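This report concerns only the one structure given below.
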Amino acid sequence: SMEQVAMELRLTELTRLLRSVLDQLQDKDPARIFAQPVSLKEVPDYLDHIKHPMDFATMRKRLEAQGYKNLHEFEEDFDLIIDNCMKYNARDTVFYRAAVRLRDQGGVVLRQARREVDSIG
C-alpha cells in the first residue's frame, strides 16, 4: 500500500535523524569507553551484574536495521550504556566518571532531538 510506503519513509527519516544523534553522542566519548560491548572474556562475571548490556556498536546495528520505532526506544538504549557503567564501576573510576560526562553532555543533544522529532512529526 501507499500508506505502508509513507510509514516506511518516516521510519527512514527517523533513522536518518537518529544516526546523526548517535554520532553526536558518540563524540562525547573520545576515549571510546562505550564503543564496544564489555568483553565477557575479560569480565567473565559481567552478566551476573548487568542484565541488559549495551554499547554504541550494538545501538548502531539496531539503528541500521531500522530497529528504533521512536526516540524513546533509542533513549532507553543510551541510558543503559550510562546506567550499566555507573552500577558496575565505582564512583572514583575513570569509567564511572566517563559515563557521568557522557550523560551530562548527551542531555543537550537529546533535548533538541526530541524537539526535532515532534517538530518534523
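As shown in the C-alpha cells, the chain order sets the letters A, B, ...; within each chain, residues go from 1, and ligands are also counted from 1 in the order they appear.
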
(message) Please list as a VMD selection string every residue within 9 Å of residue A:26, counting only C-alpha atoms and excluding residues in the same chain fewer than 6 positions away.
(response) chain A and resid 32 34 to 35 56 102 106

Writer output for current selection, N, CA and C atoms, as a PDB file, in the first residue's frame:
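File produced: again-v3.pdb:
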```pdb
ATOM      1  N   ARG A  32      36.479   6.330  23.800  1.00  0.00           N
ATOM      2  CA  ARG A  32      35.930   5.086  23.272  1.00  0.00           C
ATOM      3  C   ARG A  32      35.670   3.993  24.324  1.00  0.00           C
ATOM      4  N   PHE A  34      32.764   3.435  25.616  1.00  0.00           N
ATOM      5  CA  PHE A  34      31.407   2.889  25.307  1.00  0.00           C
ATOM      6  C   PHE A  34      31.190   2.421  23.851  1.00  0.00           C
ATOM      7  N   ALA A  35      32.273   2.365  23.094  1.00  0.00           N
ATOM      8  CA  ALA A  35      32.280   1.977  21.691  1.00  0.00           C
ATOM      9  C   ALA A  35      31.816   0.569  21.405  1.00  0.00           C
ATOM     10  N   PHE A  56      27.687   1.447  22.006  1.00  0.00           N
ATOM     11  CA  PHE A  56      27.409   2.190  20.802  1.00  0.00           C
ATOM     12  C   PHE A  56      27.417   1.331  19.525  1.00  0.00           C
ATOM     13  N   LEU A 102      29.345  11.782  29.710  1.00  0.00           N
ATOM     14  CA  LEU A 102      28.501  11.418  28.565  1.00  0.00           C
ATOM     15  C   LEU A 102      27.025  11.711  28.818  1.00  0.00           C
ATOM     16  N   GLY A 106      25.352  14.480  26.712  1.00  0.00           N
ATOM     17  CA  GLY A 106      24.316  13.948  25.837  1.00  0.00           C
ATOM     18  C   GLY A 106      22.954  14.598  26.017  1.00  0.00           C
TER      19      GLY A 106
END
```

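Residues in contact with residue A:21 at 12 Å, where only C-alpha atoms are counted and same-chain residues fewer than 5 positions away are skipped, are listed as residues 14, 15, 16, 26, 27, 28, 56, 59, 60, 63, 71, 74, 75, 78, 106, 107, 108, 109, 110, 111, 112, 113, 114, 116 and 117 of chain A.
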
Please save N, CA, C and O atoms of the selected residues as a short mmCIF file (atom, residue, chain, number, x, y, z; two decimals), in the first residue's frame.
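Generated output (part_4.cif):
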```cif
data_model
loop_
_atom_site.label_atom_id
_atom_site.label_comp_id
_atom_site.auth_asym_id
_atom_site.auth_seq_id
_atom_site.Cartn_x
_atom_site.Cartn_y
_atom_site.Cartn_z
N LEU A 14 13.43 9.05 10.43
CA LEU A 14 13.73 8.94 11.86
C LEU A 14 15.11 8.30 12.02
O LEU A 14 15.93 8.75 12.84
N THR A 15 15.36 7.24 11.22
CA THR A 15 16.64 6.56 11.19
C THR A 15 17.72 7.51 10.82
O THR A 15 18.79 7.49 11.50
N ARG A 16 17.46 8.39 9.83
CA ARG A 16 18.42 9.42 9.44
C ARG A 16 18.75 10.35 10.59
O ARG A 16 19.91 10.61 10.85
N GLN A 26 28.26 9.79 20.50
CA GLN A 26 29.49 9.09 20.47
C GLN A 26 30.72 10.05 20.48
O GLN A 26 31.77 9.71 21.06
N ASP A 27 30.57 11.27 19.94
CA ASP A 27 31.64 12.27 20.03
C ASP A 27 31.92 12.72 21.44
O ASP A 27 33.03 13.14 21.74
N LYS A 28 30.92 12.61 22.31
CA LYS A 28 31.13 12.93 23.70
C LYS A 28 31.82 11.84 24.48
O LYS A 28 31.89 11.96 25.75
N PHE A 56 27.69 1.45 22.01
CA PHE A 56 27.41 2.19 20.80
C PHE A 56 27.42 1.33 19.52
O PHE A 56 26.62 1.60 18.59
N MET A 59 23.99 -0.46 19.39
CA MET A 59 22.94 0.52 19.03
C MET A 59 22.96 0.82 17.53
O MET A 59 21.93 0.89 16.88
N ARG A 60 24.17 1.02 17.01
CA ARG A 60 24.37 1.18 15.57
C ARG A 60 23.84 -0.01 14.71
O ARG A 60 23.22 0.21 13.68
N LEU A 63 20.08 0.47 14.85
CA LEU A 63 19.78 1.64 14.04
C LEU A 63 19.69 1.27 12.55
O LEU A 63 18.71 1.57 11.90
N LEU A 71 12.07 7.82 19.23
CA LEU A 71 13.20 8.34 20.03
C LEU A 71 13.27 7.74 21.43
O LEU A 71 14.39 7.55 21.96
N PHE A 74 15.40 4.54 21.45
CA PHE A 74 16.76 4.94 21.27
C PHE A 74 17.32 5.48 22.56
O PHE A 74 18.35 5.00 23.04
N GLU A 75 16.60 6.38 23.20
CA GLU A 75 17.00 6.87 24.54
C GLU A 75 17.13 5.79 25.62
O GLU A 75 18.07 5.85 26.44
N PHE A 78 20.51 4.30 25.10
CA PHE A 78 21.58 5.23 25.57
C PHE A 78 21.71 5.25 27.10
O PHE A 78 22.80 5.11 27.69
N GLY A 106 25.35 14.48 26.71
CA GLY A 106 24.32 13.95 25.84
C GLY A 106 22.95 14.60 26.02
O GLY A 106 22.13 14.59 25.08
N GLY A 107 22.69 15.12 27.23
CA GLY A 107 21.41 15.76 27.58
C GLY A 107 21.01 16.85 26.62
O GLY A 107 19.85 16.95 26.23
N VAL A 108 22.01 17.64 26.23
CA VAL A 108 21.83 18.84 25.38
C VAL A 108 21.32 18.38 24.00
O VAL A 108 20.32 18.88 23.51
N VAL A 109 21.98 17.35 23.47
CA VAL A 109 21.72 16.77 22.15
C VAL A 109 20.35 16.13 22.10
O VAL A 109 19.58 16.32 21.17
N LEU A 110 20.06 15.33 23.12
CA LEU A 110 18.75 14.68 23.28
C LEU A 110 17.59 15.67 23.48
O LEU A 110 16.46 15.43 23.01
N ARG A 111 17.87 16.78 24.16
CA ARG A 111 16.87 17.81 24.36
C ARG A 111 16.40 18.38 23.00
O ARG A 111 15.19 18.53 22.78
N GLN A 112 17.34 18.62 22.08
CA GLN A 112 16.98 19.16 20.76
C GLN A 112 16.40 18.09 19.83
O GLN A 112 15.49 18.40 19.00
N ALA A 113 16.89 16.85 19.92
CA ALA A 113 16.38 15.77 19.09
C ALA A 113 14.88 15.57 19.36
O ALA A 113 14.13 15.43 18.41
N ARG A 114 14.46 15.63 20.62
CA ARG A 114 13.05 15.50 20.99
C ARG A 114 12.21 16.59 20.33
O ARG A 114 11.14 16.30 19.80
N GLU A 116 13.04 18.20 17.54
CA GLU A 116 13.06 17.89 16.08
C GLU A 116 12.13 16.74 15.65
O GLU A 116 11.53 16.78 14.57
N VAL A 117 12.02 15.72 16.48
CA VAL A 117 11.14 14.59 16.23
C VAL A 117 9.66 14.99 16.31
O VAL A 117 8.88 14.62 15.43
#
```

(request) Rank nothing, just name the residue among A:54, A:20, A:33, A:3 nearest to residue A:99, using only C-alpha atoms. (result) A:33

Quick one: pick out all alpha helix (DSSP H) residues within stretch 40-72 of chain A from a backbone DSSP run and write them as a compact mmCIF listing (two decimals) with N, CA and C atoms, in the first residue's frame.
```
# COMPACT_ATOMS: atom_id res chain seq x y z
N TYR A 46 30.41 -10.54 34.10
CA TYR A 46 29.73 -9.25 33.89
C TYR A 46 28.20 -9.45 33.92
N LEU A 47 27.74 -10.50 33.29
CA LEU A 47 26.28 -10.79 33.20
C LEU A 47 25.61 -11.17 34.53
N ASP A 48 26.39 -11.54 35.58
CA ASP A 48 25.89 -11.69 36.93
C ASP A 48 25.51 -10.31 37.52
N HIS A 49 26.14 -9.24 37.03
CA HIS A 49 25.92 -7.85 37.47
C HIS A 49 24.90 -7.09 36.62
N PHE A 56 27.69 1.45 22.01
CA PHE A 56 27.41 2.19 20.80
C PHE A 56 27.42 1.33 19.52
N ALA A 57 28.24 0.28 19.46
CA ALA A 57 28.19 -0.56 18.25
C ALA A 57 26.89 -1.38 18.14
N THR A 58 26.41 -1.91 19.27
CA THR A 58 25.15 -2.65 19.30
C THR A 58 23.98 -1.71 18.93
N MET A 59 23.99 -0.46 19.39
CA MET A 59 22.94 0.52 19.03
C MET A 59 22.96 0.82 17.53
N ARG A 60 24.17 1.02 17.01
CA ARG A 60 24.37 1.18 15.57
C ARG A 60 23.84 -0.01 14.71
N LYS A 61 24.07 -1.24 15.11
CA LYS A 61 23.46 -2.38 14.39
C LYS A 61 21.92 -2.30 14.39
N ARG A 62 21.33 -2.03 15.56
CA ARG A 62 19.88 -1.83 15.66
C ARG A 62 19.42 -0.66 14.75
N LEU A 63 20.08 0.47 14.85
CA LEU A 63 19.78 1.64 14.04
C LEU A 63 19.69 1.27 12.55
N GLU A 64 20.71 0.59 12.04
CA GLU A 64 20.81 0.34 10.60
C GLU A 64 19.87 -0.76 10.10
N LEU A 71 12.07 7.82 19.23
CA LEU A 71 13.20 8.34 20.03
C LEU A 71 13.27 7.74 21.43
N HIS A 72 12.12 7.46 22.05
CA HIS A 72 12.08 6.80 23.38
C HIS A 72 12.90 5.50 23.39
```

(request) Have a look at A:45, A:69, A:84, A:77 and name the one nearest to residue A:22; count only C-alpha atoms. (result) A:77

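Taking atom CA of residue A:30 and atom CA of residue A:98 as endpoints, the distance between them is 9.7 Å.
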
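Distance annotation: of A:80, A:25, A:43, A:31, the residue with the minimal separation from residue A:104 is A:25; atom set is only C-alpha atoms.
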
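Going from atom CA of residue A:68 over to atom CA of residue A:81, you cover 16.0 Å.
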